[PDB]
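Enquirer: This one is structure_16.pdb, PDB, C-alpha atoms and all ligand atoms.
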```pdb
ATOM      1  CA  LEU A 518       9.718-105.111  51.427  1.00  0.00           C
ATOM      2  CA  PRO A 519       8.030-103.920  54.641  1.00  0.00           C
ATOM      3  CA  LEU A 520       9.045-105.676  57.863  1.00  0.00           C
ATOM      4  CA  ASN A 521       5.630-106.965  58.938  1.00  0.00           C
ATOM      5  CA  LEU A 522       3.972-110.146  60.204  1.00  0.00           C
ATOM      6  CA  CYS A 523       3.192-111.371  56.673  1.00  0.00           C
ATOM      7  CA  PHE A 524       6.885-111.047  55.787  1.00  0.00           C
ATOM      8  CA  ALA A 525       7.735-113.472  58.598  1.00  0.00           C
ATOM      9  CA  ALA A 526       4.799-115.831  57.994  1.00  0.00           C
ATOM     10  CA  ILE A 527       5.593-116.124  54.292  1.00  0.00           C
ATOM     11  CA  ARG A 528       9.079-117.314  55.228  1.00  0.00           C
ATOM     12  CA  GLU A 529       7.860-119.541  58.048  1.00  0.00           C
ATOM     13  CA  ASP A 530      10.125-117.628  60.420  1.00  0.00           C
ATOM     14  CA  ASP A 531       8.354-118.190  63.754  1.00  0.00           C
ATOM     15  CA  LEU A 532      11.205-116.644  65.762  1.00  0.00           C
ATOM     16  CA  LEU A 533      10.975-113.404  63.749  1.00  0.00           C
ATOM     17  CA  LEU A 534       7.175-113.564  63.947  1.00  0.00           C
ATOM     18  CA  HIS A 535       7.334-113.892  67.747  1.00  0.00           C
ATOM     19  CA  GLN A 536       9.705-110.924  68.011  1.00  0.00           C
ATOM     20  CA  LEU A 537       7.400-108.787  65.834  1.00  0.00           C
ATOM     21  CA  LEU A 538       4.347-109.843  67.846  1.00  0.00           C
ATOM     22  CA  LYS A 539       6.097-108.820  71.088  1.00  0.00           C
ATOM     23  CA  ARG A 540       6.952-105.472  69.488  1.00  0.00           C
ATOM     24  CA  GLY A 541       3.227-104.911  69.062  1.00  0.00           C
ATOM     25  CA  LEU A 542       2.546-105.597  65.383  1.00  0.00           C
ATOM     26  CA  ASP A 543      -1.166-106.250  64.839  1.00  0.00           C
ATOM     27  CA  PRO A 544      -1.951-109.733  63.450  1.00  0.00           C
ATOM     28  CA  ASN A 545      -5.351-108.570  62.338  1.00  0.00           C
ATOM     29  CA  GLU A 546      -3.781-106.066  59.891  1.00  0.00           C
ATOM     30  CA  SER A 547      -4.148-107.447  56.362  1.00  0.00           C
ATOM     31  CA  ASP A 548      -2.605-106.746  52.971  1.00  0.00           C
ATOM     32  CA  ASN A 549      -4.420-105.221  50.031  1.00  0.00           C
ATOM     33  CA  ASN A 550      -6.268-108.476  49.297  1.00  0.00           C
ATOM     34  CA  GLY A 551      -7.439-109.006  52.877  1.00  0.00           C
ATOM     35  CA  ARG A 552      -4.745-111.614  53.550  1.00  0.00           C
ATOM     36  CA  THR A 553      -3.617-111.809  57.185  1.00  0.00           C
ATOM     37  CA  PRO A 554      -0.505-113.504  58.597  1.00  0.00           C
ATOM     38  CA  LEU A 555      -2.803-116.288  59.848  1.00  0.00           C
ATOM     39  CA  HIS A 556      -4.046-116.975  56.304  1.00  0.00           C
ATOM     40  CA  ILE A 557      -0.402-117.397  55.298  1.00  0.00           C
ATOM     41  CA  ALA A 558       0.734-119.434  58.292  1.00  0.00           C
ATOM     42  CA  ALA A 559      -2.244-121.767  57.823  1.00  0.00           C
ATOM     43  CA  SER A 560      -1.423-122.147  54.133  1.00  0.00           C
ATOM     44  CA  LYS A 561       2.215-122.996  54.822  1.00  0.00           C
ATOM     45  CA  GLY A 562       1.298-125.297  57.699  1.00  0.00           C
ATOM     46  CA  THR A 563       3.627-123.596  60.185  1.00  0.00           C
ATOM     47  CA  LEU A 564       2.134-124.770  63.489  1.00  0.00           C
ATOM     48  CA  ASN A 565       4.302-122.498  65.667  1.00  0.00           C
ATOM     49  CA  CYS A 566       3.287-119.433  63.641  1.00  0.00           C
ATOM     50  CA  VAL A 567      -0.368-120.430  63.850  1.00  0.00           C
ATOM     51  CA  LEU A 568      -0.196-120.876  67.653  1.00  0.00           C
ATOM     52  CA  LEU A 569       1.610-117.565  68.213  1.00  0.00           C
ATOM     53  CA  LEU A 570      -0.827-115.643  65.981  1.00  0.00           C
ATOM     54  CA  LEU A 571      -3.844-117.139  67.809  1.00  0.00           C
ATOM     55  CA  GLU A 572      -2.184-116.295  71.127  1.00  0.00           C
ATOM     56  CA  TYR A 573      -1.835-112.641  70.036  1.00  0.00           C
ATOM     57  CA  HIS A 574      -5.538-112.655  69.108  1.00  0.00           C
ATOM     58  CA  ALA A 575      -5.495-113.239  65.365  1.00  0.00           C
ATOM     59  CA  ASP A 576      -9.106-113.724  64.249  1.00  0.00           C
ATOM     60  CA  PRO A 577      -9.459-117.439  63.474  1.00  0.00           C
ATOM     61  CA  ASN A 578     -12.319-116.750  61.037  1.00  0.00           C
ATOM     62  CA  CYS A 579     -10.750-113.875  59.060  1.00  0.00           C
ATOM     63  CA  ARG A 580     -12.008-113.589  55.466  1.00  0.00           C
ATOM     64  CA  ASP A 581      -9.830-112.409  52.562  1.00  0.00           C
ATOM     65  CA  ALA A 582     -11.003-110.983  49.194  1.00  0.00           C
ATOM     66  CA  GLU A 583     -11.791-114.359  47.608  1.00  0.00           C
ATOM     67  CA  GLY A 584     -13.722-115.277  50.778  1.00  0.00           C
ATOM     68  CA  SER A 585     -10.969-117.628  51.958  1.00  0.00           C
ATOM     69  CA  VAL A 586     -10.439-118.408  55.657  1.00  0.00           C
ATOM     70  CA  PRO A 587      -7.452-119.885  57.517  1.00  0.00           C
ATOM     71  CA  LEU A 588      -9.247-123.230  57.984  1.00  0.00           C
ATOM     72  CA  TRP A 589      -9.615-123.600  54.226  1.00  0.00           C
ATOM     73  CA  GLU A 590      -5.985-122.519  53.541  1.00  0.00           C
ATOM     74  CA  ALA A 591      -4.870-125.374  55.808  1.00  0.00           C
ATOM     75  CA  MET A 592      -7.354-127.896  54.349  1.00  0.00           C
ATOM     76  CA  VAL A 593      -6.284-127.288  50.720  1.00  0.00           C
ATOM     77  CA  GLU A 594      -2.637-127.922  51.530  1.00  0.00           C
ATOM     78  CA  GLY A 595      -3.395-130.922  53.750  1.00  0.00           C
ATOM     79  CA  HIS A 596      -2.028-129.453  56.997  1.00  0.00           C
ATOM     80  CA  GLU A 597      -4.107-131.652  59.322  1.00  0.00           C
ATOM     81  CA  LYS A 598      -2.455-130.483  62.549  1.00  0.00           C
ATOM     82  CA  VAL A 599      -3.172-126.840  61.742  1.00  0.00           C
ATOM     83  CA  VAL A 600      -6.772-127.744  60.802  1.00  0.00           C
ATOM     84  CA  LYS A 601      -7.232-129.358  64.224  1.00  0.00           C
ATOM     85  CA  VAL A 602      -5.764-126.374  66.074  1.00  0.00           C
ATOM     86  CA  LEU A 603      -7.929-123.922  64.097  1.00  0.00           C
ATOM     87  CA  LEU A 604     -11.096-125.926  64.801  1.00  0.00           C
ATOM     88  CA  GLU A 605     -10.175-125.946  68.513  1.00  0.00           C
ATOM     89  CA  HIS A 606     -10.031-122.131  68.418  1.00  0.00           C
ATOM     90  CA  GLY A 607     -13.446-121.769  66.785  1.00  0.00           C
ATOM     91  CA  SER A 608     -12.631-121.718  63.062  1.00  0.00           C
ATOM     92  CA  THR A 609     -15.625-122.831  60.981  1.00  0.00           C
ATOM     93  CA  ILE A 610     -15.653-123.587  57.260  1.00  0.00           C
ATOM     94  CA  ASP A 611     -18.965-121.794  56.790  1.00  0.00           C
ATOM     95  CA  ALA A 612     -17.337-118.535  57.807  1.00  0.00           C
ATOM     96  CA  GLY A 613     -15.888-118.531  54.278  1.00  0.00           C
ATOM     97  CA  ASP A 614     -17.296-118.786  50.721  1.00  0.00           C
ATOM     98  CA  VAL A 615     -18.121-122.519  50.779  1.00  0.00           C
ATOM     99  CA  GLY A 616     -19.541-122.396  47.248  1.00  0.00           C
ATOM    100  CA  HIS A 617     -16.190-121.125  46.047  1.00  0.00           C
ATOM    101  CA  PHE A 618     -14.317-123.718  48.154  1.00  0.00           C
ATOM    102  CA  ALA A 619     -16.499-126.489  46.738  1.00  0.00           C
ATOM    103  CA  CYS A 620     -15.948-125.387  43.141  1.00  0.00           C
ATOM    104  CA  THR A 621     -12.191-125.132  43.727  1.00  0.00           C
ATOM    105  CA  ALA A 622     -12.037-128.710  45.048  1.00  0.00           C
ATOM    106  CA  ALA A 623     -13.988-129.846  42.003  1.00  0.00           C
ATOM    107  CA  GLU A 624     -11.644-127.899  39.711  1.00  0.00           C
ATOM    108  CA  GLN A 625      -8.706-129.712  41.316  1.00  0.00           C
ATOM    109  CA  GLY A 626     -10.379-133.138  41.060  1.00  0.00           C
ATOM    110  CA  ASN A 627     -10.026-133.344  44.839  1.00  0.00           C
ATOM    111  CA  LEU A 628     -12.930-135.465  46.088  1.00  0.00           C
ATOM    112  CA  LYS A 629     -11.446-135.939  49.569  1.00  0.00           C
ATOM    113  CA  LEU A 630     -11.396-132.160  50.041  1.00  0.00           C
ATOM    114  CA  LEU A 631     -15.089-131.992  49.070  1.00  0.00           C
ATOM    115  CA  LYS A 632     -15.867-134.568  51.747  1.00  0.00           C
ATOM    116  CA  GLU A 633     -13.808-132.650  54.334  1.00  0.00           C
ATOM    117  CA  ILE A 634     -15.808-129.485  53.634  1.00  0.00           C
ATOM    118  CA  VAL A 635     -18.877-131.587  54.411  1.00  0.00           C
ATOM    119  CA  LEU A 636     -17.247-133.154  57.477  1.00  0.00           C
ATOM    120  CA  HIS A 637     -16.758-129.662  58.880  1.00  0.00           C
ATOM    121  CA  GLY A 638     -20.363-128.716  58.208  1.00  0.00           C
ATOM    122  CA  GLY A 639     -20.056-127.064  54.814  1.00  0.00           C
ATOM    123  CA  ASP A 640     -22.813-127.279  52.198  1.00  0.00           C
ATOM    124  CA  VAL A 641     -20.903-128.301  49.072  1.00  0.00           C
ATOM    125  CA  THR A 642     -23.984-127.817  46.898  1.00  0.00           C
ATOM    126  CA  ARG A 643     -23.777-124.018  47.290  1.00  0.00           C
ATOM    127  CA  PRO A 644     -22.829-122.135  44.109  1.00  0.00           C
ATOM    128  CA  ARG A 645     -20.402-119.301  43.466  1.00  0.00           C
ATOM    129  CA  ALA A 646     -22.018-115.894  43.069  1.00  0.00           C
ATOM    130  CA  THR A 647     -21.651-116.547  39.329  1.00  0.00           C
ATOM    131  CA  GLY A 648     -24.028-119.488  39.783  1.00  0.00           C
ATOM    132  CA  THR A 649     -21.477-122.174  38.914  1.00  0.00           C
ATOM    133  CA  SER A 650     -21.569-125.108  41.328  1.00  0.00           C
ATOM    134  CA  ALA A 651     -19.178-127.963  42.027  1.00  0.00           C
ATOM    135  CA  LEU A 652     -21.690-130.144  40.168  1.00  0.00           C
ATOM    136  CA  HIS A 653     -21.335-127.990  37.020  1.00  0.00           C
ATOM    137  CA  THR A 654     -17.573-128.336  37.328  1.00  0.00           C
ATOM    138  CA  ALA A 655     -17.742-132.063  38.088  1.00  0.00           C
ATOM    139  CA  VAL A 656     -19.646-132.618  34.852  1.00  0.00           C
ATOM    140  CA  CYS A 657     -17.108-130.637  32.797  1.00  0.00           C
ATOM    141  CA  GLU A 658     -14.194-132.489  34.374  1.00  0.00           C
ATOM    142  CA  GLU A 659     -16.223-135.659  33.651  1.00  0.00           C
ATOM    143  CA  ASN A 660     -15.436-136.854  37.172  1.00  0.00           C
ATOM    144  CA  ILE A 661     -17.841-139.764  37.555  1.00  0.00           C
ATOM    145  CA  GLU A 662     -17.306-140.484  41.272  1.00  0.00           C
ATOM    146  CA  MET A 663     -17.419-136.790  42.206  1.00  0.00           C
ATOM    147  CA  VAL A 664     -20.735-136.463  40.373  1.00  0.00           C
ATOM    148  CA  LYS A 665     -22.171-139.324  42.514  1.00  0.00           C
ATOM    149  CA  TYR A 666     -21.157-137.836  45.790  1.00  0.00           C
ATOM    150  CA  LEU A 667     -22.444-134.403  44.819  1.00  0.00           C
ATOM    151  CA  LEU A 668     -25.756-135.895  43.688  1.00  0.00           C
ATOM    152  CA  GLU A 669     -25.886-137.969  46.885  1.00  0.00           C
ATOM    153  CA  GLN A 670     -25.299-134.685  48.752  1.00  0.00           C
ATOM    154  CA  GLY A 671     -28.367-133.164  47.091  1.00  0.00           C
ATOM    155  CA  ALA A 672     -26.629-131.135  44.367  1.00  0.00           C
ATOM    156  CA  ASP A 673     -29.139-129.175  42.226  1.00  0.00           C
ATOM    157  CA  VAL A 674     -29.154-130.610  38.673  1.00  0.00           C
ATOM    158  CA  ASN A 675     -31.250-127.741  37.303  1.00  0.00           C
ATOM    159  CA  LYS A 676     -29.144-124.935  38.792  1.00  0.00           C
ATOM    160  CA  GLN A 677     -28.413-122.375  36.075  1.00  0.00           C
ATOM    161  CA  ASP A 678     -25.078-120.583  36.108  1.00  0.00           C
ATOM    162  CA  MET A 679     -24.967-116.968  34.914  1.00  0.00           C
ATOM    163  CA  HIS A 680     -24.745-118.284  31.336  1.00  0.00           C
ATOM    164  CA  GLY A 681     -27.967-120.277  31.613  1.00  0.00           C
ATOM    165  CA  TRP A 682     -26.377-123.732  31.782  1.00  0.00           C
ATOM    166  CA  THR A 683     -27.483-126.408  34.274  1.00  0.00           C
ATOM    167  CA  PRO A 684     -25.267-129.360  35.225  1.00  0.00           C
ATOM    168  CA  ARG A 685     -27.650-131.631  33.317  1.00  0.00           C
ATOM    169  CA  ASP A 686     -27.427-129.386  30.207  1.00  0.00           C
ATOM    170  CA  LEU A 687     -23.654-129.730  30.304  1.00  0.00           C
ATOM    171  CA  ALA A 688     -23.746-133.535  30.578  1.00  0.00           C
ATOM    172  CA  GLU A 689     -25.523-133.904  27.223  1.00  0.00           C
ATOM    173  CA  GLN A 690     -22.985-131.749  25.417  1.00  0.00           C
ATOM    174  CA  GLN A 691     -20.041-133.876  26.461  1.00  0.00           C
ATOM    175  CA  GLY A 692     -21.833-137.077  25.495  1.00  0.00           C
ATOM    176  CA  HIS A 693     -20.629-138.798  28.634  1.00  0.00           C
ATOM    177  CA  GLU A 694     -23.313-141.490  28.686  1.00  0.00           C
ATOM    178  CA  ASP A 695     -22.167-142.759  32.089  1.00  0.00           C
ATOM    179  CA  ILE A 696     -22.758-139.310  33.584  1.00  0.00           C
ATOM    180  CA  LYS A 697     -26.015-138.590  31.693  1.00  0.00           C
ATOM    181  CA  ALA A 698     -27.277-142.013  32.786  1.00  0.00           C
ATOM    182  CA  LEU A 699     -26.800-140.889  36.386  1.00  0.00           C
ATOM    183  CA  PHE A 700     -28.806-137.734  35.830  1.00  0.00           C
ATOM    184  CA  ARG A 701     -31.875-139.772  34.895  1.00  0.00           C
ATOM    185  CA  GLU A 702     -32.206-141.513  38.277  1.00  0.00           C
TER     186      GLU A 702
HETATM  187 MG    MG A 801      10.426-122.650  62.569  1.00  0.00          MG
HETATM  188 MG    MG A 802      -3.020-110.756  74.474  1.00  0.00          MG
END
```
Take the structure in the file and write it out as C-alpha cells.
Ligand SMILES: [Mg+2]
Ligand SMILES: [Mg+2]

Expert:
Amino acid sequence: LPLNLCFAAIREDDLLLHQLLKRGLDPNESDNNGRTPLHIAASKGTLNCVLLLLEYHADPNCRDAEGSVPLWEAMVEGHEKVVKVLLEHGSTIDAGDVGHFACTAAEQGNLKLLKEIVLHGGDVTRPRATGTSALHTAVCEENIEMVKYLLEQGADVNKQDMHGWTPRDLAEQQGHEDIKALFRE
C-alpha cells in the first residue's frame, strides 16, 4: 500500500490528506484507471477532503477511464453538499461521458438522477459509444415513468445500438403494451 493521496481519501482521513498535501503530493496524479483523490473524496462525500483538494488545485473536471467526473461521483451517492461545492468551482456534468451516466441511472432505476443530469445541463438522450441509450435500458427495465421522461426529453426511438436494436424494437419483444402504446404517440 503506497502512502498517497488516494490512500487518505479512500479512508476519509482529511487530517492525513492535509498533511500529505502540505508535503507536496500532487492531487492531479491518478491511479492506473485515471482515478484521482478528488474522484474518491467526491464519491465518499467527504467535504473537508474535497475542499482541501480543490485548494491544492485538484482539477474539478478530471475524467477517469470510464469517463466519470467528480461531480457525477457525488451525484450518484447523493452527496448534495459536495455537488454544490463542485459546481461552485466550475465542475460541469458535460465534462464527463453523459451518455454513460444516463445509461447507468437507467440501469439503477434512478429517475431522480436522470433529472439531475438534466438539471445540470446534461443531454440524457446521448448514447454510450456502444449505441445503447438510457431509453433502450428503460424499455428493458420496463420502467414506465422513466420511458415517459426520456421520451419527453426527446429520446431517439429509432436509435440502433451496436446490435441493431432500437428502443421501439425492444418494446415489442417484451410485450409491455403500456410501453408500446407510448411509442405510438
Ligand atoms: Mg474527517
Ligand atoms: Mg496553491

Enquirer: Give as a list in words the residues that the PyMOL selection byres (((not hetatm)) within 7 of (chain A and resi 802)) matches when applied to the coordinates above.

Expert: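 For this structure, the PyMOL selection byres (((not hetatm)) within 7 of (chain A and resi 802)) resolves to residues 572, 573 and 574 of chain A.
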
Enquirer: May I ask you to write as a CSV table (one decimal) with C-alpha atoms, in the frame of the given file all residues lying at most 7 Å from ligand MG 801 (chain A), with only C-alpha atoms and all ligand atoms counted?

Expert:
```csv
chain,number,residue,atom,x,y,z
A,529,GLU,CA,7.9,-119.5,58.0
A,530,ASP,CA,10.1,-117.6,60.4
A,531,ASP,CA,8.4,-118.2,63.8
A,532,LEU,CA,11.2,-116.6,65.8
A,565,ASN,CA,4.3,-122.5,65.7
```

Enquirer: What's the 12 Å shell around residue 648 of chain A, counting all atoms listed in the file, without same-chain residues fewer than 5 positions away, as a list in words?

Expert: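 Neighbouring residues, sequence-local ones excluded: residues 616, 617, 620, 642, 643, 653, 654, 673, 675, 676, 677, 678, 679, 680, 681, 682, 683 and 684 of chain A.
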
Enquirer: Taking into account all atoms listed in the file, which residue in the set A:670, A:547, A:609, A:560 is nearest to residue 651 of chain A?

Expert: A:670

Enquirer: My list of candidates is A:555, A:652, A:537, A:622. Which is closest to residue 520 of chain A when distances are computed with all atoms listed in the file?

Expert: A:537

Enquirer: Give me, please, the distance in Å between atom CA of residue 580 of chain A and atom CA of residue 522 of chain A, quoted to one decimal.

Expert: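 These two atoms are separated by 17.0 Å.
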
Enquirer: The PyMOL selection byres (((chain A and resi 598) around 12) and not hetatm) - which residues does that actually catch in the file I just gave you? List them as a list in words.

Expert: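 Evaluating the PyMOL selection byres (((chain A and resi 598) around 12) and not hetatm) on these coordinates yields residues 559, 560, 561, 562, 563, 564, 565, 567, 568, 588, 591, 592, 594, 595, 596, 597, 599, 600, 601, 602, 603, 604 and 605 of chain A.
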
Enquirer: Can you pull out every residue within 10 Å of residue 628 of chain A, counting only C-alpha atoms, but drop anything in the same chain fewer than 2 positions away, and send it as a count of residues only?

Expert: 17

Enquirer: Around the point (-23.8, -133.5, 31.3) in the file's coordinates, collect all residues with an atom within 10 Å, using all atoms listed in the file, and return them as a ChimeraX atom specification.

Expert: /A:652-653,655-657,659,674,683-700

Enquirer: Expressed in Å to a single decimal, how great is the separation between atom CA of residue 519 of chain A and atom CA of residue 579 of chain A?

Expert: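 Taking atom CA of residue 519 of chain A and atom CA of residue 579 of chain A, their separation equals 21.7 Å.
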
Enquirer: Please indicate the distance in Å from atom CA of residue 576 of chain A to atom CA of residue 535 of chain A, rounded to one decimal place.

Expert: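 It comes out at 16.8 Å.
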
Enquirer: Return the padded bounding box of segment 539-551 of chain A as AutoDock Vina command-line options: axis-aligned, built from all atoms listed in the file, 5 Å added on each side, with centre and edge lengths in Å to one decimal.

Expert:
```
--center_x -0.2 --center_y -107.3 --center_z 60.2 --size_x 24.4 --size_y 14.8 --size_z 31.8
```

Enquirer: Which residue is closest to residue 538 of chain A? Choose from A:638, A:644, A:577, A:554 and count only C-alpha atoms.

Expert: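 Ranked by minimum distance to residue 538 of chain A, first place goes to A:554.
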
Enquirer: Hey, which of A:583, A:669, A:546, A:590 ends up closest to residue 570 of chain A? Count only C-alpha atoms.

Expert: A:546

Enquirer: From the options A:614, A:671, A:665, A:621, which residue's atoms come nearest to residue 646 of chain A, counting all atoms listed in the file?

Expert: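 Ranked by minimum distance to residue 646 of chain A, first place goes to A:614.
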
Enquirer: Can you translate the PyMOL selection byres (((chain A and resi 550) around 10) and not hetatm) into the concrete residues it hits in this file, as a list in words?

Expert: residues 547, 548, 549, 551, 552, 553, 580, 581, 582 and 583 of chain A
